[PDB]
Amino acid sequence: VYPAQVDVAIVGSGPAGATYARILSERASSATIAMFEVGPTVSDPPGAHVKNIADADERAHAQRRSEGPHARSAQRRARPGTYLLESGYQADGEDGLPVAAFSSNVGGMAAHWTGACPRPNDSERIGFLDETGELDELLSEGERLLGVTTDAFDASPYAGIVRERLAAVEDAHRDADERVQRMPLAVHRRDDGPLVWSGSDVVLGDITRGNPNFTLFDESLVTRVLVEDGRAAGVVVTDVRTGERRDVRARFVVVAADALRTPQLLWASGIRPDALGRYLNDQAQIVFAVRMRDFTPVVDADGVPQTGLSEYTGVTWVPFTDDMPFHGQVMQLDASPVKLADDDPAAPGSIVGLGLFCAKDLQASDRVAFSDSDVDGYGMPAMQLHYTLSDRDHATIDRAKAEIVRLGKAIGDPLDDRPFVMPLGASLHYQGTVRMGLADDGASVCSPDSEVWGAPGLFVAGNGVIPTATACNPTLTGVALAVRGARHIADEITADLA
């Protein structure tokens, strides 16, 4: 049932592919757009967060259906809704990324995420985009695409307690962009009431869902980018249910398949610039849990809602600075990406999690490589992950450990006297494998318009495009770069009237 040809073909249905779809439905409403996603549709509207599902059985089922090719080792475990590499996650003598993870479903990982959307600060910021002022406009556009808000928790009885206690011990030398503040969150209220995380449902929006020139094929594996006469020419799509392959022609191909499957697809298609898969970076994650002190109990608590989130302390943001190079977030437990502790039923909302994230010392040898012979559960070239912590990595991680204890003691009594360094890959923030650069000099995969050097008309999208060393949650930034790329494709299409 696939089209013979469309104008733009998008592989991937998380916020990056969705960003391209929505921006072209806005600025290029005349263009036909096909989106191919290998995973099933597990939520309504497609791409919506699993916490929209009220029945616990159905919700657990949506999660299990997102967990990869085998979905129809107790010491190396994936969070629900994601799956790990079965092998190739670590080479001899290397740290590797033991819990590098993926999601395969409409909505991508954003059907399962915890929605935190900070802006990059200081050296995390892409400078050639920051100098023109365009970076701020792109980040504003991404906040619009994700419906990002800071106020979602401002009415709860515990509003501001965590922010107050942190501000008490925060250096009087930081300015507004750097002081303790609310986390900006990709969250919205359901018409029936409950707060819930926002994903590709929100990025796609009613403008994409109502666009008669747009189509979404779930359970559709892209095995190849068709290149012809120098340019991107289309995609090869396998219907996962019947197994038949078909070519879809396209003047534009956007690959937003996450930071490791996007290089996978490009390698399988013979598009192999030297930077492809290289400069891969995860954000080492340190976690901590504390019981808040001096906690006025609420006389008539609501009892956890059957969809969406509870409203306890919310999420606070402790911003990255060059001088203090960790992204910090303090979270009520149902907003943490990692199970840290159980809430006290005697005092709901009093146990809070903390996570600090480090910036990686970027290395050429930190990469994802691919096999000529072996294949994964989708029949795509199998990955081998090469990843080493430098001494600078270890030094900054030790700093993060001391700082997370200092921040947690300011809030309450720690559940443990020392924090925990999560296994590498646990942050689920993988950047750099298809990084943008100013010039085709071998050190980048794509241009500032996200177009890959040497394959005009081929575009890349997601956290893999971020070329800098970052600590903060990357999705907002990946979506912002997607905004620039999709605007460029719209420019090209409207100009095609020549």
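Throughout, we count residues from 1 along the sequence that is shown.
Unmodelled residues of the deposited sequence between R72 and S73: 10 or more. For the segment pair 212-220 and 82-90, the entry gives 212-220 the higher mean B-factor, averaged over Cα atoms. Per the PDB record, of the two stretches 360-368 and 240-248, 240-248 carries the greater mean B-factor over its C-alpha atoms. Per the deposited coordinates, the residue with the largest Cα temperature factor out of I33, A62, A471, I466 is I33. Of the candidates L333, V299, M422, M109, the one whose C-alpha carries the top B factor in the deposited record is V299.
Looking at the C-alpha B-factors along this chain, the one for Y279 belongs to the middle third. Per the PDB record, residue ranking by Cα B-factor puts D151 in the lowest third of the chain.
When all modelled residues of the chain are sorted by CA temperature factor, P98 is found within the lowest third. Placement of the Cα temperature factor of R144 within the chain: middle third of the modelled residues, per the deposited record. Ranked by C-alpha B-factor against the other modelled residues of its chain, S447 falls in the highest third.
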